[PDB]
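Quick look at target_28.txt (compact mmCIF, C-alpha atoms and all ligand atoms):
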```txt
# COMPACT_ATOMS: atom_id res chain seq x y z
CA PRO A 1 -21.34 9.63 1.97
CA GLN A 2 -18.88 9.97 -0.88
CA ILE A 3 -15.48 8.57 0.01
CA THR A 4 -12.55 9.57 -2.15
CA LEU A 5 -9.62 7.21 -2.58
CA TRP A 6 -6.70 9.53 -1.93
CA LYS A 7 -6.35 7.66 1.41
CA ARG A 8 -7.35 4.18 2.55
CA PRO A 9 -11.18 4.01 2.92
CA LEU A 10 -11.27 3.24 6.63
CA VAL A 11 -14.44 3.30 8.65
CA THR A 12 -15.57 2.43 12.16
CA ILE A 13 -17.54 -0.78 12.53
CA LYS A 14 -19.30 -2.35 15.46
CA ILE A 15 -19.12 -6.14 15.63
CA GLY A 16 -19.67 -8.49 18.55
CA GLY A 17 -20.14 -5.45 20.83
CA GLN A 18 -16.67 -4.14 19.86
CA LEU A 19 -15.63 -1.08 17.85
CA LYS A 20 -12.98 -1.70 15.19
CA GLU A 21 -11.47 0.16 12.24
CA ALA A 22 -11.93 -1.60 8.89
CA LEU A 23 -11.13 -1.09 5.22
CA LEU A 24 -13.97 -0.83 2.68
CA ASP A 25 -12.57 -3.32 0.21
CA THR A 26 -14.14 -3.86 -3.21
CA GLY A 27 -11.45 -6.42 -4.00
CA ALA A 28 -12.55 -8.71 -1.13
CA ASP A 29 -15.36 -11.17 -1.79
CA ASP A 30 -16.04 -11.57 1.94
CA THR A 31 -15.50 -9.74 5.18
CA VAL A 32 -12.45 -10.78 7.21
CA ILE A 33 -11.81 -9.57 10.79
CA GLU A 34 -8.83 -10.04 13.10
CA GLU A 35 -9.09 -12.58 15.90
CA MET A 36 -12.09 -12.09 18.16
CA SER A 37 -14.87 -14.19 19.68
CA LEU A 38 -18.28 -14.35 17.99
CA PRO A 39 -21.30 -16.32 19.14
CA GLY A 40 -22.79 -19.35 17.42
CA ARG A 41 -21.56 -22.03 15.06
CA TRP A 42 -18.53 -21.75 12.78
CA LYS A 43 -16.62 -23.86 10.32
CA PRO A 44 -13.06 -23.67 9.01
CA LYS A 45 -12.17 -22.10 5.64
CA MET A 46 -9.00 -21.22 3.74
CA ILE A 47 -8.86 -17.85 1.93
CA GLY A 48 -6.10 -16.70 -0.39
CA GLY A 49 -4.60 -13.59 -1.89
CA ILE A 50 -1.24 -11.83 -2.23
CA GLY A 51 1.31 -13.85 -0.20
CA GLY A 52 -0.86 -17.04 -0.08
CA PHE A 53 -3.57 -18.45 2.16
CA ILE A 54 -4.75 -18.10 5.75
CA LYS A 55 -7.07 -20.31 7.76
CA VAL A 56 -10.16 -18.55 9.15
CA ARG A 57 -13.34 -19.36 11.04
CA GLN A 58 -16.53 -18.77 9.11
CA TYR A 59 -19.44 -17.40 11.17
CA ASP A 60 -22.76 -16.98 9.36
CA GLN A 61 -25.62 -14.54 10.13
CA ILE A 62 -23.51 -11.97 12.03
CA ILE A 63 -24.77 -8.39 12.43
CA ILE A 64 -22.24 -5.56 11.82
CA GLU A 65 -22.82 -1.83 11.89
CA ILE A 66 -20.62 -0.23 9.19
CA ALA A 67 -20.22 3.55 9.44
CA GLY A 68 -23.71 3.67 11.06
CA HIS A 69 -25.39 1.21 8.60
CA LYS A 70 -26.56 -2.21 9.84
CA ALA A 71 -25.99 -5.32 7.77
CA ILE A 72 -26.06 -9.04 8.35
CA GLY A 73 -23.94 -11.72 6.70
CA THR A 74 -20.96 -14.03 6.93
CA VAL A 75 -17.86 -12.87 8.83
CA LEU A 76 -14.54 -14.65 8.53
CA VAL A 77 -12.25 -14.41 11.57
CA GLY A 78 -8.54 -15.07 11.49
CA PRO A 79 -5.02 -13.65 11.15
CA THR A 80 -5.73 -10.95 8.58
CA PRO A 81 -3.25 -8.03 8.72
CA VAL A 82 -6.16 -5.56 8.28
CA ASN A 83 -9.87 -5.73 9.10
CA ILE A 84 -11.67 -5.91 5.72
CA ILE A 85 -15.29 -5.21 4.84
CA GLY A 86 -15.86 -7.21 1.67
CA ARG A 87 -18.53 -7.23 -0.99
CA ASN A 88 -20.83 -9.55 0.93
CA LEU A 89 -21.55 -6.66 3.36
CA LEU A 90 -20.75 -3.68 1.08
CA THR A 91 -23.76 -4.65 -1.05
CA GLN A 92 -26.06 -4.55 2.00
CA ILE A 93 -25.18 -0.93 2.86
CA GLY A 94 -25.69 0.06 -0.82
CA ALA A 95 -22.05 0.82 -1.55
CA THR A 96 -21.12 1.50 -5.18
CA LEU A 97 -17.96 2.51 -7.05
CA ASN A 98 -18.55 5.57 -9.18
CA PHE A 99 -16.49 7.26 -11.91
CA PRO B 1 -20.52 4.27 -14.38
CA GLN B 2 -22.02 3.26 -11.06
CA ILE B 3 -20.73 -0.20 -10.25
CA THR B 4 -22.59 -2.32 -7.73
CA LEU B 5 -20.79 -5.04 -5.79
CA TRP B 6 -23.01 -8.11 -6.15
CA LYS B 7 -20.32 -9.45 -8.53
CA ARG B 8 -16.58 -8.82 -8.56
CA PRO B 9 -15.92 -5.33 -10.08
CA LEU B 10 -13.97 -6.63 -13.08
CA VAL B 11 -13.13 -4.31 -15.94
CA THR B 12 -11.04 -4.47 -19.07
CA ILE B 13 -7.72 -2.65 -18.99
CA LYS B 14 -5.26 -1.99 -21.79
CA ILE B 15 -1.55 -2.00 -21.19
CA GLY B 16 1.22 -2.48 -23.79
CA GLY B 17 -1.49 -2.68 -26.49
CA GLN B 18 -3.00 -5.76 -24.80
CA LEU B 19 -6.42 -6.12 -23.22
CA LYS B 20 -6.54 -7.77 -19.79
CA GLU B 21 -9.16 -8.23 -17.07
CA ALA B 22 -8.57 -6.53 -13.71
CA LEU B 23 -10.35 -6.02 -10.41
CA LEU B 24 -11.17 -2.51 -9.14
CA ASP B 25 -9.77 -2.82 -5.63
CA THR B 26 -10.25 -0.08 -3.03
CA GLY B 27 -8.39 -2.24 -0.48
CA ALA B 28 -5.19 -2.13 -2.56
CA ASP B 29 -2.96 0.88 -2.14
CA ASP B 30 -1.15 0.14 -5.43
CA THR B 31 -1.94 -1.51 -8.77
CA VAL B 32 -0.46 -5.02 -9.15
CA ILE B 33 -0.47 -6.96 -12.43
CA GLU B 34 0.56 -10.50 -13.36
CA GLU B 35 3.88 -11.11 -15.12
CA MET B 36 4.24 -9.16 -18.38
CA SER B 37 6.79 -7.11 -20.31
CA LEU B 38 6.87 -3.37 -19.56
CA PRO B 39 9.34 -0.76 -20.83
CA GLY B 40 12.00 1.06 -18.87
CA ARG B 41 13.72 0.54 -15.53
CA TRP B 42 12.14 -1.00 -12.47
CA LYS B 43 12.70 -0.58 -8.74
CA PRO B 44 12.12 -3.15 -5.96
CA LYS B 45 9.05 -3.09 -3.73
CA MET B 46 7.67 -5.36 -1.01
CA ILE B 47 3.91 -5.44 -0.66
CA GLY B 48 1.83 -7.07 2.07
CA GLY B 49 -1.31 -8.98 1.36
CA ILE B 50 -3.60 -11.30 3.19
CA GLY B 51 -1.09 -14.22 3.19
CA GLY B 52 2.14 -12.33 3.74
CA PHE B 53 4.39 -10.38 1.42
CA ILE B 54 5.49 -10.73 -2.19
CA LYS B 55 8.43 -9.02 -3.92
CA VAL B 56 7.28 -7.11 -7.03
CA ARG B 57 8.82 -5.00 -9.75
CA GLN B 58 7.81 -1.33 -9.67
CA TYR B 59 7.49 0.42 -13.05
CA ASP B 60 6.67 4.12 -12.93
CA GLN B 61 4.89 6.36 -15.47
CA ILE B 62 3.25 3.48 -17.38
CA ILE B 63 0.41 4.21 -19.83
CA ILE B 64 -2.66 2.20 -18.90
CA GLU B 65 -6.35 2.47 -19.85
CA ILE B 66 -8.90 1.33 -17.25
CA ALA B 67 -12.51 0.76 -18.37
CA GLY B 68 -11.82 3.24 -21.17
CA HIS B 69 -10.28 5.89 -18.88
CA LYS B 70 -6.66 6.88 -19.61
CA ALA B 71 -4.13 6.80 -16.76
CA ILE B 72 -0.35 7.13 -16.50
CA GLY B 73 1.24 5.88 -13.31
CA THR B 74 2.86 3.20 -11.27
CA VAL B 75 2.32 -0.47 -12.06
CA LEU B 76 3.68 -3.24 -9.87
CA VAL B 77 4.38 -6.59 -11.56
CA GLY B 78 4.54 -9.84 -9.66
CA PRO B 79 2.84 -13.06 -8.57
CA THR B 80 -0.56 -11.62 -7.77
CA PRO B 81 -3.62 -13.97 -8.00
CA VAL B 82 -5.57 -11.50 -10.12
CA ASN B 83 -4.77 -8.21 -11.78
CA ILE B 84 -5.73 -5.47 -9.34
CA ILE B 85 -6.30 -1.76 -9.95
CA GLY B 86 -5.43 -0.04 -6.67
CA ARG B 87 -6.01 3.42 -5.31
CA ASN B 88 -3.05 5.00 -7.13
CA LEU B 89 -4.96 4.54 -10.43
CA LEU B 90 -8.52 4.57 -9.08
CA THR B 91 -7.89 8.20 -8.13
CA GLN B 92 -6.67 8.98 -11.68
CA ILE B 93 -9.94 7.72 -13.16
CA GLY B 94 -11.91 9.76 -10.59
CA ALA B 95 -13.37 6.78 -8.68
CA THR B 96 -15.16 7.20 -5.35
CA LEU B 97 -17.05 4.89 -3.01
CA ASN B 98 -20.63 5.95 -2.34
CA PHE B 99 -23.34 4.83 0.06
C1 LIG C 101 0.38 -2.54 -2.06
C2 LIG C 101 -0.76 -3.51 -1.82
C3 LIG C 101 -1.20 -4.30 -2.88
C4 LIG C 101 -2.22 -5.21 -2.73
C5 LIG C 101 -2.88 -5.28 -1.49
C6 LIG C 101 -3.98 -6.28 -1.25
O1 LIG C 101 -3.73 -7.42 -1.56
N1 LIG C 101 -5.12 -5.95 -0.71
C7 LIG C 101 -6.21 -6.83 -0.19
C8 LIG C 101 -6.66 -6.34 1.20
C9 LIG C 101 -5.49 -6.29 2.19
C10 LIG C 101 -4.92 -5.08 2.51
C11 LIG C 101 -3.83 -5.03 3.36
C12 LIG C 101 -3.26 -6.17 3.90
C13 LIG C 101 -3.85 -7.40 3.61
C14 LIG C 101 -4.97 -7.45 2.76
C15 LIG C 101 -7.34 -6.88 -1.24
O2 LIG C 101 -8.02 -5.63 -1.28
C16 LIG C 101 -8.34 -8.08 -1.04
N2 LIG C 101 -7.72 -9.39 -1.29
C17 LIG C 101 -8.13 -10.05 -2.55
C18 LIG C 101 -7.44 -9.45 -3.76
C19 LIG C 101 -5.93 -9.65 -3.71
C20 LIG C 101 -7.94 -10.20 -4.99
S1 LIG C 101 -7.49 -10.41 0.03
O3 LIG C 101 -7.22 -9.48 1.20
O4 LIG C 101 -6.48 -11.25 -0.40
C21 LIG C 101 -8.90 -11.23 0.34
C22 LIG C 101 -9.21 -12.49 -0.15
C23 LIG C 101 -10.43 -13.11 0.23
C24 LIG C 101 -11.29 -12.42 1.09
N3 LIG C 101 -12.57 -13.02 1.47
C25 LIG C 101 -10.97 -11.19 1.60
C26 LIG C 101 -9.79 -10.61 1.24
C27 LIG C 101 -2.52 -4.43 -0.45
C28 LIG C 101 -1.47 -3.55 -0.59
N4 LIG C 101 -1.13 -2.68 0.43
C29 LIG C 101 -2.00 -2.14 1.29
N5 LIG C 101 -3.24 -1.85 0.84
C30 LIG C 101 -4.14 -1.43 1.81
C31 LIG C 101 -3.73 -1.28 3.13
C32 LIG C 101 -2.41 -1.54 3.55
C33 LIG C 101 -1.87 -1.43 4.97
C34 LIG C 101 -2.72 -1.32 6.05
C35 LIG C 101 -2.17 -1.23 7.34
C36 LIG C 101 -0.79 -1.21 7.50
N6 LIG C 101 0.04 -1.30 6.44
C37 LIG C 101 -0.47 -1.41 5.20
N7 LIG C 101 -1.58 -2.00 2.59
CL CL C 102 -22.92 -13.19 3.40
CL CL C 103 -28.26 -2.47 -5.47
CL CL C 104 1.99 -3.06 1.26
CL CL C 105 0.87 6.30 -9.60
NA NA C 106 -24.17 -18.02 13.00
NA NA C 107 9.22 3.85 -16.08
```

Translate the structure described by the file into structure tokens.
Ligand SMILES: Cc1ccc(C(=O)N[C@@H](Cc2ccccc2)[C@H](O)CN(CC(C)C)S(=O)(=O)c2ccc(N)cc2)cc1Nc1nccc(-c2cccnc2)n1
Ligand SMILES: [Cl-]
Ligand SMILES: [Cl-]
Ligand SMILES: [Cl-]
Ligand SMILES: [Cl-]
Ligand code: NA
Ligand code: NA
Amino acid sequence: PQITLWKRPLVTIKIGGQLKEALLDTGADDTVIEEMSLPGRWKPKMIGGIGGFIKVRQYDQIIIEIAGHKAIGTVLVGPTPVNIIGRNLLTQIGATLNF
Amino acid sequence: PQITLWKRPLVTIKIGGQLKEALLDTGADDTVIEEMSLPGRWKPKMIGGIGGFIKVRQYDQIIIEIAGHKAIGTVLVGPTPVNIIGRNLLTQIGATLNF
């Protein structure tokens, strides 16, 4: 698809058996999801941006279906105000910015 | 161009005759730049990021070139970690997300 930017680029994802709405975010290095359980090992991480830092749990090798496209990678879980699909998974679905 | 997302989507911008680096950020509603001098009056704005909110200065109808594409629009100035080109100006340069 071609997604214009007149509105926020929100899509449906499936993660950990759950459907969520998430922002396709070229400004985010990694994917960050609101609090949920995921299986397997994790380790703590701090991530920063406008307004400072939050503590998250880093889960590696997590499968996510993004607008119907499967990808695997790291998912950070923590108190993000918005679910964000970052570059680490945008690359895997072949997302590009075009102008 | 067609910009892939394996690296941060950094471009050169020009504002007030000065070249700066900025991130093309589909997850940002609005363009936010680090402290600089801009002409004219400003209005207050609160924006919300990953870590909470920052107060910024809103300057309207500012001339800005983005990766060689001319825009005129709103620029927010405040303590952002990186200069970010948000959707308000990504639409002016005709940017879409594609996969
Ligand atoms: C005006 C404005 C300026 C900058 C930003 C912004 O910092 N965007 C964030 C994403 C975001 C969006 C909304 C809330 C928190 C985080 C940006 O795209 C990515 N950030 C990095 C950039 C600042 C360099 S980030 O979120 O800090 C970040 C850092 C590390 C990682 N791994 C992932 C994300 C957002 C807005 N506002 C905005 N933009 C998009 C959606 C909403 C929103 C959504 C729901 C309800 N209300 C507002 N609000
Ligand atoms: Cl990854
Ligand atoms: Cl590629
Ligand atoms: Cl905001
Ligand atoms: Cl604008
Ligand atoms: Na894992
Ligand atoms: Na103005």

Compute the set of chain B residues within 6 Å of chain A, using all atoms listed in the file, and express it as a PDB file with C-alpha atoms, in the frame of the given file.
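Okay, selection09.pdb is ready:
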```
ATOM      1  CA  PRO B   1     -20.520   4.270 -14.380  1.00  0.00           C
ATOM      2  CA  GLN B   2     -22.020   3.260 -11.060  1.00  0.00           C
ATOM      3  CA  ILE B   3     -20.730  -0.200 -10.250  1.00  0.00           C
ATOM      4  CA  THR B   4     -22.590  -2.320  -7.730  1.00  0.00           C
ATOM      5  CA  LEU B   5     -20.790  -5.040  -5.790  1.00  0.00           C
ATOM      6  CA  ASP B  25      -9.770  -2.820  -5.630  1.00  0.00           C
ATOM      7  CA  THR B  26     -10.250  -0.080  -3.030  1.00  0.00           C
ATOM      8  CA  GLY B  27      -8.390  -2.240  -0.480  1.00  0.00           C
ATOM      9  CA  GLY B  49      -1.310  -8.980   1.360  1.00  0.00           C
ATOM     10  CA  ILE B  50      -3.600 -11.300   3.190  1.00  0.00           C
ATOM     11  CA  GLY B  51      -1.090 -14.220   3.190  1.00  0.00           C
ATOM     12  CA  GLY B  52       2.140 -12.330   3.740  1.00  0.00           C
ATOM     13  CA  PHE B  53       4.390 -10.380   1.420  1.00  0.00           C
ATOM     14  CA  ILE B  54       5.490 -10.730  -2.190  1.00  0.00           C
ATOM     15  CA  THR B  80      -0.560 -11.620  -7.770  1.00  0.00           C
ATOM     16  CA  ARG B  87      -6.010   3.420  -5.310  1.00  0.00           C
ATOM     17  CA  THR B  91      -7.890   8.200  -8.130  1.00  0.00           C
ATOM     18  CA  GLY B  94     -11.910   9.760 -10.590  1.00  0.00           C
ATOM     19  CA  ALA B  95     -13.370   6.780  -8.680  1.00  0.00           C
ATOM     20  CA  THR B  96     -15.160   7.200  -5.350  1.00  0.00           C
ATOM     21  CA  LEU B  97     -17.050   4.890  -3.010  1.00  0.00           C
ATOM     22  CA  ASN B  98     -20.630   5.950  -2.340  1.00  0.00           C
ATOM     23  CA  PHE B  99     -23.340   4.830   0.060  1.00  0.00           C
TER      24      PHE B  99
END
```

- prompt: So which residues are near ligand CL 105 (chain C), meaning at most 9 Å away with only C-alpha atoms and all ligand atoms counted, given back as a ChimeraX atom specification?
  reply: /B:30-31,60-62,71-75,87-89,92

query: Suppose you want the space between atom CA of residue A:22 and atom CA of residue B:33; what is it in Å?
result: 24.8 Å

query: Interatomic distance between atom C11 of ligand LIG 101 (chain C) and atom CA of residue B:19?
result: 26.7 Å

For the point (-20.4, -14.9, 16.9) in the file's frame, write as a PDB file with C-alpha atoms, keeping the file's coordinate frame all residues with an atom no more than 8 Å away, counting all atoms listed in the file.
```pdb
ATOM      1  CA  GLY A  16     -19.670  -8.490  18.550  1.00  0.00           C
ATOM      2  CA  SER A  37     -14.870 -14.190  19.680  1.00  0.00           C
ATOM      3  CA  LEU A  38     -18.280 -14.350  17.990  1.00  0.00           C
ATOM      4  CA  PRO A  39     -21.300 -16.320  19.140  1.00  0.00           C
ATOM      5  CA  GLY A  40     -22.790 -19.350  17.420  1.00  0.00           C
ATOM      6  CA  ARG A  41     -21.560 -22.030  15.060  1.00  0.00           C
ATOM      7  CA  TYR A  59     -19.440 -17.400  11.170  1.00  0.00           C
ATOM      8  CA  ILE A  62     -23.510 -11.970  12.030  1.00  0.00           C
TER       9      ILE A  62
END
```

query: If you measure from atom CA of residue B:34 to atom CA of residue A:46, what distance in Å do you get, rounded to one decimal?
result: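 According to the coordinates, atom CA of residue B:34 and atom CA of residue A:46 are separated by 22.3 Å.
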
query: Closest to ligand NA 106 (chain C) among A:11, A:63, A:36, A:21, using only C-alpha atoms and all ligand atoms?
result: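 Among the listed residues, the smallest separation from ligand NA 106 (chain C) belongs to A:63.
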